[PDB]
C-alpha cells in the first residue's frame with residue numbers, strides 16, 4: 001500500500017514520483033560536480049540491459065555514487081587542478 005494517512009486525500013502515487021525526485025536529486029548532485037554527460041549514456045545502456053527497471057536505476061546511482069566517492073575523496077585531499085595526467089606538463093618526464 002501507499003503512505004496512507006488517516007485523512008486519505010487524493011494521494012496520487014507517493015512512490016514512483018518521490019522516487020524519481022530522489023533520483024533527480026542524486027543525479028543533480030552528481031552532475032553538478034561531475035559534468036560528464038556519461039550519466040545519460042549509462043541510462044541508455046541500462047535500457048538495453050534492464051529496461052530502466054527501478055533495479056537498474058538504483059544500481060546505476062549506487063555505482064555512480066561509489067565512482068564519484070573515489071574521485072571526490074581524491075578531490076578533497078589532492079588539489080588536482082585538472083591534473084588528470086600523472087605529470088602536469090607531459091607524462092613520464094623523468095623517473096616515470
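According to its header, this structure was worked out by solution NMR.
Each Cβ is built from the backbone N, Cα and C atoms, and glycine gets one as well.
Within its own chain, residue 79 (phosphoserine) has no residue 6 or more apart in sequence whose C-beta sits under 8 angstroms from its own. Annotation comment: Swiss-Prot describes 79 (among others) as phosphoserine.
Around residue 94 (phosphoserine), no same-chain residue six or more apart in sequence has its CB under 8 Å from its CB. Per Swiss-Prot, phosphoserine is recorded for 94 (among others), and the stated evidence type is sequence analysis.
With a cut-off of 8 Å between CB atoms and residues at least 6 apart in sequence, the same chain places nothing near residue 96 (phosphoserine). Residue 96 (phosphoserine) falls outside any helix or strand according to DSSP and counts as coil. Look at Swiss-Prot and you will find 96 (among others) tagged as phosphoserine.
Only residues 6 or more beyond the boundaries of the region 'Homooligomerization' (1-42), in the same chain, are considered here, and those with a CB under 8 A from a CB of the stretch are 54, 57, 60-61, 64-65, 68, 71-72. Annotation source Swiss-Prot lists region 'Homooligomerization' at 1-42, citing sequence analysis.
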